[PDB]
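# Examination of the molecular architecture
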Amino acid sequence: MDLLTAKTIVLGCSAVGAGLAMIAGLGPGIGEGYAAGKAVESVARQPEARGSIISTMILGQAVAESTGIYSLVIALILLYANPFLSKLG
Amino acid sequence: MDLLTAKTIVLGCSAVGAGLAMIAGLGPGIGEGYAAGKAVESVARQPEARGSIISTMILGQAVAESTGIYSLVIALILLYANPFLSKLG
Amino acid sequence: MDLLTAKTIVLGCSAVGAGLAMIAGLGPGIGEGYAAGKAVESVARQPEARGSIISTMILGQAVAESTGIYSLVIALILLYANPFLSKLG
Amino acid sequence: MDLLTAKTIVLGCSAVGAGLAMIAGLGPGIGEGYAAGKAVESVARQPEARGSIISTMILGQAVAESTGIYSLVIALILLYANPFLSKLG
Amino acid sequence: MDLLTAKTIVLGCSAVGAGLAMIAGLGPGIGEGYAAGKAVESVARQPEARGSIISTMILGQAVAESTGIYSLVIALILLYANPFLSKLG
Amino acid sequence: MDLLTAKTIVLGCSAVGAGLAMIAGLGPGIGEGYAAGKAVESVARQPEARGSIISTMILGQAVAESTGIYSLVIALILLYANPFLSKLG
Amino acid sequence: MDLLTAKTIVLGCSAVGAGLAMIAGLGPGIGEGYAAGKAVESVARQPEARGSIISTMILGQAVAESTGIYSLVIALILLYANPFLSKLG
Amino acid sequence: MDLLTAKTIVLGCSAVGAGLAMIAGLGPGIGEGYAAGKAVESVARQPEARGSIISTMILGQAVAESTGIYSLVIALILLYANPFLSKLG
Amino acid sequence: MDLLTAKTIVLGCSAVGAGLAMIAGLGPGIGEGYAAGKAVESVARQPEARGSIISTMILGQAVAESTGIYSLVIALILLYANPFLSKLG
Amino acid sequence: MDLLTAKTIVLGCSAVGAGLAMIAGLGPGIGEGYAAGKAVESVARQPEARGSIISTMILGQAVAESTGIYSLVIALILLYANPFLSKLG
Amino acid sequence: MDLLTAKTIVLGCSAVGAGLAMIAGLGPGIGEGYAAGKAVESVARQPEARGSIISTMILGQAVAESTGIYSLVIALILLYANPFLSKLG
Ligand SMILES: CCCCCCCCCCCCO[C@@H]1O[C@H](CO)[C@@H](O[C@H]2O[C@H](CO)[C@@H](O)[C@H](O)[C@H]2O)[C@H](O)[C@H]1O
Ligand SMILES: CCCCCCCCCCCCO[C@@H]1O[C@H](CO)[C@@H](O[C@H]2O[C@H](CO)[C@@H](O)[C@H](O)[C@H]2O)[C@H](O)[C@H]1O
Ligand SMILES: CCCCCCCCCCCCO[C@@H]1O[C@H](CO)[C@@H](O[C@H]2O[C@H](CO)[C@@H](O)[C@H](O)[C@H]2O)[C@H](O)[C@H]1O
Ligand SMILES: CCCCCCCCCCO[C@@H]1O[C@H](CO)[C@@H](O[C@H]2O[C@H](CO)[C@@H](O)[C@H](O)[C@H]2O)[C@H](O)[C@H]1O
Ligand SMILES: CCCCCCCCCCO[C@@H]1O[C@H](CO)[C@@H](O[C@H]2O[C@H](CO)[C@@H](O)[C@H](O)[C@H]2O)[C@H](O)[C@H]1O
Ligand SMILES: CCCCCCCCCCO[C@@H]1O[C@H](CO)[C@@H](O[C@H]2O[C@H](CO)[C@@H](O)[C@H](O)[C@H]2O)[C@H](O)[C@H]1O
Ligand SMILES: CCCCCCCCCCO[C@@H]1O[C@H](CO)[C@@H](O[C@H]2O[C@H](CO)[C@@H](O)[C@H](O)[C@H]2O)[C@H](O)[C@H]1O
Ligand SMILES: CCCCCCCCCCO[C@@H]1O[C@H](CO)[C@@H](O[C@H]2O[C@H](CO)[C@@H](O)[C@H](O)[C@H]2O)[C@H](O)[C@H]1O
Ligand SMILES: CCCCCCCCCCO[C@@H]1O[C@H](CO)[C@@H](O[C@H]2O[C@H](CO)[C@@H](O)[C@H](O)[C@H]2O)[C@H](O)[C@H]1O
Ligand SMILES: CCCCCCCCCCO[C@@H]1O[C@H](CO)[C@@H](O[C@H]2O[C@H](CO)[C@@H](O)[C@H](O)[C@H]2O)[C@H](O)[C@H]1O
Ligand SMILES: CCCCCCCCCCO[C@@H]1O[C@H](CO)[C@@H](O[C@H]2O[C@H](CO)[C@@H](O)[C@H](O)[C@H]2O)[C@H](O)[C@H]1O
Ligand SMILES: CCCCCCCCCCO[C@@H]1O[C@H](CO)[C@@H](O[C@H]2O[C@H](CO)[C@@H](O)[C@H](O)[C@H]2O)[C@H](O)[C@H]1O
Ligand SMILES: CCCCCCCCCCO[C@@H]1O[C@H](CO)[C@@H](O[C@H]2O[C@H](CO)[C@@H](O)[C@H](O)[C@H]2O)[C@H](O)[C@H]1O
Ligand SMILES: CCCCCCCCCCO[C@@H]1O[C@H](CO)[C@@H](O[C@H]2O[C@H](CO)[C@@H](O)[C@H](O)[C@H]2O)[C@H](O)[C@H]1O
Ligand code: NA
Ligand code: NA
Ligand code: NA
Ligand code: NA
Ligand code: NA
Ligand code: NA
Ligand code: NA
Ligand code: NA
Ligand code: NA
Ligand code: NA
Ligand code: NA
């Protein structure tokens, strides 16, 4: 096998692998959506506690975001700093 | 392998990887939908807080939207600014 | 590889990528469906707030629709304005 | 590659892509089913108000239907108005 | 490529595409099931409203059924009225 | 291509398509299950409406069953009345 | 292609198809588990109706079981009474 | 092909098929967990009925378990009593 | 085909099949998580009955665990006691 | 087939199978999140039993974690203690 | 087979395996989102207990995060410390 063939296959698989990882993002979308809905509900109940309701929402949502970030990092690594290239040529 | 073959295979996988990434969009669709439903029953029960209800919904939905945007960005990168092309020829 | 083979593989992959992206549409379908049910519930209880309720339903649904649109756009690009074809030279 | 081979691969991929897109239809199925459920129990509680309940149900369901329609359109395009064929020759 | 090979691959991918589309059917199964559950709950609480409960159930379920029908039609087309066969030559 | 290869590939894909179609069955399983659960709590709470509850359950379940049947029909067609064979030789 | 090659491919695809069909079994698993949970809750609140509750649970579970059975039948057919073999010769 | 090749491909496909069938196990995992949850809540609130509650849970869980067993059987058949081998040699 | 090839393909497929089977473990993870939540809820309402509540939790979770175990066993069999090897050479 | 190839295919499949197994981890993520949520609202309503609530949360989460561990173990085996290499001669 | 071919195939599969593993991240996203939602509610209803509510949320979300971490570890291992390469040559 030549180098170009090697790079081609690995990068092609890397593109697919990056896309698969990004699927995980649906999770935070659902979870943070729930927290948003609970915040809306709580604000309706107590329009004056809105400031503390929103700060709590953001905090919990930020935590829920983390796995989405992990996937994005994996995808960006596969796209922009591919760790397989150095092992081929 | 010739350069055309390399571009072809890599871009083909990139198209598939792009599609896979976009699957994540279902999450925000569900999550923001829940927030939407919560807003609907809230403005019906607490009309005086309609302003704060809507603004909280939009903010909460925007956070939940983020992983959808991440995937879209990965997809647009794979289609329009493909990082693998420069690694071939 | 001739040009015909290159176009064939890229466009074939593009068709699959387009279909995969469109799967995301299930999300908004569920989320907006939830918002719809909450509107039905709310107008049954507060028929006087109907205008406010539907207005809020449509707004929240429109937001939840966005990732559905993103996928549609990615699909339409892959089908009608394929950005890979110009790099096959 | 000959032209018949080219078309065969592309149309074959297009049939798969069309099927993949149609998977999104499950979303509206779930979401609208939820709206139907809330309509049923609203009617049971306010039988006099069936007309208003139903019209709200229909409107909400119609919105939730859209991504199912997007996928159907994409599928019909790939089947009946395939945009890749003109690119092959 | 001869004609038989062309038809073989096209019809083969069509069978898979048909199967993939039919997966959407799970959605209406879940959604209409929910509507059925709410009707049961409703006839239990308001048995005198049994007539309007059922007619409401059927109507809402019929709407949620539509994407299941879309997939069925796409599958039937791929199986019995295949639109790719005339594009081969 | 000889007739045997043509049949082979088409039948093989058809077997895969049939299995894919059958995945939709999970939907009715979930949906009708929810209706059963609702019937259980209703029959306990309201023993007078027992016959109407079960009548409502069965009717709703039967409706929710349809997409399951659609898939079974597509599967049986692919297995026993394969429409692709008469297109070969 | 010789007959053994034909049988190998068709049966191999049949094995995969059978497994795919069996995935549907998760549906009844979820749905009947829900119906069981309601029976548990109902029995607790009114042991004075243990017989009626369980009888209704079984009936509703039996209905929800059906698509699971359809998949088993398809799998059993693909494994033990393969309808494709007689088509090959 | 030779016999060894025939057995190789079919048993290989059978291994994948077995794994796919086993995916259905998630269903009973979820459903029975729900029933387990309701039992915890029910036993706690109605200790005097712990016996009929637990037996109700077990019975309901056993029914929900069936599709998991169906998949296990199919998997064990593919692994230990493969019905395809006699068709190959 | 030599014996090494036969083993190679069969074991490779067995690896994929084993991974596929393990996917079902998400089910018990969800279901038992639910039972855990109901227990926490019940403990908070009746802390004196913690021992009894936990006892019920473990029982229900053990049952829900079963399909996860089935998948683990199938995977360990495919990895450590592969039943396909004796059919090759 | 040479030895290097045998190792290549088997280890390649093992990498894929390992990733597939890890998908199961989503289950414990959801279930333990639910347990976390019920605990959050429990310590709010019963700060007195805060100790018992946490200990119950952890214990329940630990049980629901098990299928996630099983998949990790299988993945680690496929990666670090691959049981197929010894069969390749 | 040469060593470059071997490394190419193994690393390509490893890229895909890594992406598949990262899909598990969706679980924590949903689960921690639920915990976040309950926290927003509880904080709004018991604003004096804000400290212990958030503390309970974080502890709960941390546990639910673990399987997400497991997948990230497997992926990072596959990308940066690939344990298959030392088996090839
Ligand atoms: C909770 C927060 C988690 C996110 C933070 C985690 C650490 C940071 C990860 C960022 C995601 C990866 O993003 C990617 O990183 C790699 C380095 O690894 C960079 O890659 C870099 O190294 C390559 C390889 O020599 C060079 O061509 C160049 O110097 C540069 O591109 C990419 O330019 C960047 O797009
Ligand atoms: C929409 C905003 C919210 C989502 C945020 C998404 C963040 C991810 C966006 C892209 C991150 C990576 O950003 C990417 O970094 C690499 C660095 O190697 C850049 O790459 C650039 O530098 C490298 C390194 O010398 C050069 O070899 C290359 O020719 C050049 O293009 C890309 O041009 C840039 O797009
Ligand atoms: C809320 C988030 C934002 C939502 C709204 C935006 C949704 C996303 C829409 C993106 C679709 C258009 O995306 C944009 O298309 C044009 C098409 O000429 C691309 O343009 C690219 O291709 C053309 C092809 O002729 C080249 O000449 C050009 O040099 C190149 O840059 C842009 O690089 C791309 O960014
Ligand atoms: C999910 C991931 C899937 C990854 C799939 C990767 C599939 C393709 C692997 C190709 O490896 C082949 O290896 C041969 C042995 O190294 C090469 O022989 C060479 O020597 C051969 C003849 O012995 C010659 O024809 C040439 O050098 C070339 O053809 C050939 O080029 C190379 O392509
Ligand atoms: C999920 C994502 C999966 C992505 C899978 C991508 C698979 C890509 C396979 C590419 O196949 C290679 O193409 C090379 C270039 O054509 C061939 O060169 C080799 O073979 C040619 C054809 O025999 C010879 O002409 C060359 O000299 C020789 O180096 C090589 O064999 C062949 O294997
Ligand atoms: C999820 C997305 C997956 C996308 C997968 C895309 C796979 C694309 C495979 C393309 O296959 C290559 O095409 C080249 C076209 O050139 C071939 O060159 C070969 O053509 C011949 C081999 O067929 C050589 O002998 C001749 O020299 C050469 O020109 C090469 O071998 C072949 O492998
Ligand atoms: C999800 C979908 C993912 C993508 C699926 C892609 C499937 C691609 C199949 C490609 O088949 C092509 O057939 C050509 C028939 O010509 C080959 O011609 C190549 O090899 C021939 C060898 O004889 C030469 O004659 C030709 O000139 C040369 O272009 C070409 O390599 C090969 O790739
Ligand atoms: C959803 C996934 C769908 C995947 C679909 C993949 C479809 C295409 C398979 C193509 O395989 C090639 O087809 C060529 C046409 O029948 C054959 O003729 C080729 O012979 C040469 C290649 O050897 C060509 O270059 C010459 O034009 C030709 O006559 C060639 O042997 C064969 O390998
Ligand atoms: C998901 C669906 C997947 C389907 C996958 C398999 C497709 C395989 C390729 C097509 O069948 C090939 O077809 C060629 C014909 O198209 C034949 O061509 C060969 O025989 C022909 C007879 O006309 C000659 O013309 C060709 O030149 C010669 O290459 C031969 O059977 C074989 O190479
Ligand atoms: C979802 C997947 C479903 C299952 C798909 C199974 C596909 C199996 C492979 C395709 O069948 C083709 O049959 C042709 C025969 O019909 C073979 O070539 C042969 O044709 C002749 C033999 O008949 C040779 O002598 C000539 O060179 C050649 O072109 C060709 O290689 C082979 O690939
Ligand atoms: C996708 C999920 C479902 C399962 C898919 C399983 C696909 C299994 C493909 C096995 O590949 C086939 O093996 C045959 C071994 O014989 C080859 O025979 C080739 O060689 C024989 C002997 O010369 C000829 O009779 C054949 O026509 C010729 O295709 C054939 O080409 C090749 O494709
Ligand atoms: C989820 C989908 C899982 C699919 C799993 C199975 C995948 C099998 C892929 C490989 O099939 C190949 O077909 C070749 C066709 O030639 C065989 O040729 C070998 O054995 C043949 C037996 O006829 C000989 O004719 C050939 O000359 C010799 O090279 C080869 O061994 C076999 O490996
Ligand atoms: C979950 C899915 C797993 C899919 C795994 C797919 C593995 C494909 C491996 C490569 O295909 C090769 O095809 C050759 C036929 O074309 C076979 O006969 C070959 O073995 C040698 C391969 O070169 C020949 O040279 C020797 O004569 C022969 O017996 C060989 O065994 C087989 O490996
Ligand atoms: C689901 C994921 C599946 C991932 C793995 C897919 C694995 C198989 C890729 C194709 O495999 C072939 O295996 C041959 C060994 O069987 C290699 O050498 C074979 O060919 C070489 C020459 O190219 C020499 O060893 C001799 O000619 C012949 O052994 C050949 O390069 C390689 O392409
Ligand atoms: Na997180
Ligand atoms: Na977000
Ligand atoms: Na949105
Ligand atoms: Na919509
Ligand atoms: Na509809
Ligand atoms: Na129906
Ligand atoms: Na049924
Ligand atoms: Na059952
Ligand atoms: Na069980
Ligand atoms: Na467990
Ligand atoms: Na965890």
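Rules of the game
- Residues numbered from 1 in each chain as written, not as in the entry; some residues may be left out.
- Chains lettered and ligands numbered in written order.
- Heavy atoms only, no water.
- Helix = DSSP H or I, 4+ residues; strand = E, 2+ residues; numbered from the N terminus.
- Rg over C-alpha atoms; globule rule 2.2 N^0.38 Å.
- Buried < 20%, exposed > 50% of the residue type's maximum accessible area, 1.4 Å probe, protein only.
- Contact = heavy atoms within 4.5 Å.
- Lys, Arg positive; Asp, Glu negative; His and termini not counted.
- Charge placed at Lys NZ, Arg CZ, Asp CG, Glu CD.
- Donors = N, O, S within 2.8 Å, 3.2 Å for Na, K, Ca; no water.
- UniProt positions renumbered as here; feature names shortened; annotations may be inferred.
- Axes fitted to C-alpha atoms, helices over the stretch in contact; angles between N-to-C directions.
- Parallel < 35°, antiparallel > 145°, perpendicular 65-115°, else oblique.
- Nonpolar A, V, L, I, M, F, W, Y, C, P; charged D, E, K, R; others polar.
- Salt bridge = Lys/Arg side-chain N within 4 Å of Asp/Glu carboxyl O.
- Near = heavy atom within 4 Å.
- Areas by Shrake-Rupley, 256 points an atom, 1.4 Å probe, with all protein chains shown as cover.
- Buried area = accessible area lost by both parts, 1.4 Å probe.
- Polar contact = N/O pair within 3.5 Å; in protein donor to acceptor, adjacent residues only side chain to side chain.
- Expected span 1.5 Å × (residues − 1).
- Bend = angle between axes of the 7 residues up to and from the residue.
- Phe/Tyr/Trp six-rings, centres within 6.5 Å; stacked < 30°, edge-to-face > 60°.
- Disulfide = S-S within 2.5 Å.

Determination of this PDB entry was carried out by X-ray crystallography to a resolution of 2.200 Å, according to the record.

### Notes on the overall build of chain A
Within chain A, the regular secondary structure consists of three helices and zero strands. When the elements of chain A are put in sequence order from the N terminus, they spell out α-α-α. For 89 residues, the compact-globule estimate of 2.2 N^0.38 gives 12 Å, and the C-alpha radius of gyration of chain A, at 20 Å, exceeds that figure by more than 25%. Oriented by its inertia axes, the alpha-carbon framework of chain A measures out at about 70 × 15 × 10 Å. The 89 residues of chain A split such that 70% are buried. Taking the intrachain contacts of chain A between residues at least 6 apart in sequence as the baseline, contacts between residues at least 24 apart amount to 75%. Taken as two groups, the 5 positive and 5 negative side-chain charges of chain A have centres that lie 3 Å from each other.

### Structural notes on the coordination of the sodium ion (ligand 16)
Angles at a metal have ideal values that depend on geometry: 109.5 degrees with four tetrahedral donors, 90 or 180 degrees with six octahedral donors. Every protein donor of the sodium ion (ligand 16) is accounted for by A:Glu32 (OE), A:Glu65 (OE), B:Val63 (O) and B:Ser66 (OG), and the metal-donor separations fall at 2.3 to 2.4 Å. Taken together, the residues span two chains, with A:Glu65 in helix α3 (residues 50-80) and B:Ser66 in helix α3 (residues 50-80). Here A:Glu65 and B:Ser66 have matching classes, each one buried.

### Some words on the UniProt feature "transmembrane region" in chain A
The UniProt record marks residues 9-29 and 58-78 of chain A with the feature "transmembrane region", using the residue numbering of this structure. The annotated region residues 58-78 of chain A carries 100% helix and 0% strand content, and the separation between its end C-alpha atoms amounts to 29 Å.

### Observations concerning the packing of helix α1 (residues 3-22) of chain H against helix α1 (residues 3-22) of chain I
The interhelical angle for the contact between α1(H) and α1(I), taken along N-to-C directions, is 10°, at an axis separation of 7 Å. When the axes of α1(H) and α1(I) are compared, the pair comes out roughly parallel. Seen from α1(H), the contacting residues are H:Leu4, H:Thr8, H:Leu11, H:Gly12, H:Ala15, H:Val16, H:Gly19, H:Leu20 and H:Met22; seen from α1(I), they are I:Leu3, I:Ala6, I:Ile9, I:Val10, I:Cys13, I:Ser14, I:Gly17, I:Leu20 and I:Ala21. Within the contact of α1(H) with α1(I), the residues separate by chemical class into 13 nonpolar, five polar and no charged.

### What about the pattern of salt bridges?
Residue and element names in this part refer to chain E. Under the definition given, this model contains 29 salt bridges over all chains. Note that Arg-45 and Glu-41 form a salt bridge whose closest N and O atoms lie 3.9 Å from each other. Linking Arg-45 with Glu-41, this pair stays in helix α2 (residues 26-45), spanning four residues, or about one helical turn.

### Considering the site of ligand 3
In the vicinity of ligand 3, the contacting residues are B:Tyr80, C:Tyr70 and C:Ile77. Per-site note: the chains with residues close to ligand 3 are chains B and C. Starting from 770 Å² of accessible surface for ligand 3 in isolation, the protein chains cover 27%.

### Some details on the environment of H:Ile23
Residue and element names in this part refer to chain H. Structurally, the position occupied by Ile-23 is in the loop between α1 and α2 (26-45). The class of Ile-23 is buried, set by a relative accessible area of 10%. Residues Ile-23 and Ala-75 lie 52 residues apart in sequence; the distance between their C-alpha atoms is 11 Å.

### Concerning the interface of chain B and chain A
Taken residue by residue, the interface counts 50 residues in chain B and 46 residues in chain A. Roughly 3800 Å² of surface becomes buried between chain B and chain A when both sides are summed, with 74% attributable to carbon and sulfur atoms. Ranking the residues of chain B by area buried against chain A places B:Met1, B:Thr56 and B:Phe84 at the top, with a combined share of 15%. The tally of links from chain B across to chain A stands at one salt bridge. Note that B:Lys38 is salt-bridged to A:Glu41, the shortest N-O span being 3.6 Å. At the boundary of chain B with chain A, the tally comes to six residue pairs in polar contact. When contributions to the side of chain B that touches chain A are tallied by element, the ones reaching two or more residues are α1 (3-22), α2 (26-45) and α3 of chain B. Among the elements that line the side of chain B that touches chain A, the one with the most residues is α3(B), at 17 residues.

### So, the site of ligand 7
Taken together, the residues surrounding ligand 7 are C:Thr5, C:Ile9, C:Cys13, C:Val16, D:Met1, D:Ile9 and D:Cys13. Of the chains in the model, those with residues near ligand 7 are chains C and D. Burial of ligand 7 by the protein amounts to 40% of the accessible area it has alone, namely 730 Å². It is helix α1 (residues 3-22) of chain C that contributes the most residues to the shell around ligand 7, four residues altogether. A per-class count over the shell around ligand 7 returns six nonpolar, one polar and no charged.

### Observations concerning the coordination of the sodium ion (ligand 21)
The protein atoms donating to the sodium ion (ligand 21) are F:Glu32 (OE), F:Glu65 (OE), G:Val63 (O) and G:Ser66 (OG), with metal-donor distances spanning 2.3 to 2.4 Å. Residue F:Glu32 is found in helix α2 (residues 26-45), and its partner F:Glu65 is found in helix α3 (residues 50-80); the two are separated by 33 residues along the sequence. No difference in accessibility class separates F:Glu32 from F:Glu65, as the two residues are buried.

### Let's talk about the interface of chain B and chain C
Contact with chain B, which involves 45 residues of that partner, is made by 48 residues of chain C. Linking chain B to chain C there are one salt bridge. Counting every contact that joins chain B to chain C gives six residue pairs in polar contact. Of all the elements in the fold, those that place two or more residues in the side of chain B that touches chain C are α1, α2 and α3 of chain B. If one sorts the elements of the side of chain B that touches chain C by residue count, α2(B) sits on top with 16 residues. Across the side of chain B that touches chain C, the residue classes break down as 27 nonpolar, 10 polar and eight charged.

### Details of helix α3 (residues 50-80) of chain K
With 31 residues, α3(K) should reach 45 Å at 1.5 Å per residue; the first-to-last C-alpha distance of 41 Å fits that figure. Along its length, α3(K) reaches its greatest deviation from straightness, about 35°, at K:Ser66.

### Here we look at the packing of aromatic side chains
All told, the structure shown has 11 aromatic pairs over all chains when counted by the stated rule. Among the aromatic residues, those joined into a ring-pair cluster are A:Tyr34, B:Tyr34, C:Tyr34, D:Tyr34, E:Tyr34, F:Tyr34, G:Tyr34, H:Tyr34, I:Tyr34, J:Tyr34 and K:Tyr34.

### Observations regarding helix α2 (residues 26-45) of chain D
Relative to the 28 Å expected for 20 residues at 1.5 Å per residue, α2(D) spans 29 Å between its end C-alpha atoms, a close match to the ideal helical length. In terms of burial, α2(D) is a largely internal element, 19 of the 20 residues being buried.

### Overview of the environment of G:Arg45
Under the relative-accessibility criterion, G:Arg45 is labelled partly exposed at 48%. Spatially, the C-alpha atoms of G:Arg45 and G:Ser55 are 17 Å apart, while their sequence positions differ by 10 residues.

### Observations regarding the packing of helix α2 (residues 26-45) of chain K against α3(K)
Residue and element names in this part refer to chain K. One can describe the packing of α2 onto α3 by two numbers: an axis separation of 9 Å at closest approach and a directional angle of 175°. In terms of axis orientation, α2 runs roughly antiparallel to α3. Here α2 contributes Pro-28, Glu-32, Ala-35, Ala-36, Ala-39, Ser-42 and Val-43 to the contact with α3, which in turn contributes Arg-50, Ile-53, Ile-54, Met-57, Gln-61, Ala-64, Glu-65, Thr-67 and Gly-68. Residues of the contact of α2 with α3, tallied by class, amount to nine nonpolar, four polar and three charged.

### Things to note about the state of the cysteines
Applying the stated criterion across every chain yields a total of zero disulfides over all chains. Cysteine B:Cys13 remains unbridged, with the sulfur of C:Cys13 as its closest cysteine sulfur at 6.2 Å.

### Quick notes on the side chain of H:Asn82
Residues and elements named next belong to chain H. Its location among the elements puts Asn-82 in the segment after α3 (50-80). With a relative accessible area of 12%, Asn-82 lands in the buried category. Here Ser-14 takes part through its side chain, which lies 3.0 Å from a polar atom of the side chain of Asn-82. A polar atom in the side chain of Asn-82 sits 2.9 Å from the backbone oxygen of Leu-78. Ignoring anything within four residues of it in the chain, the contact list for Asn-82 reads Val-10, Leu-11, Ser-14 and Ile-77.

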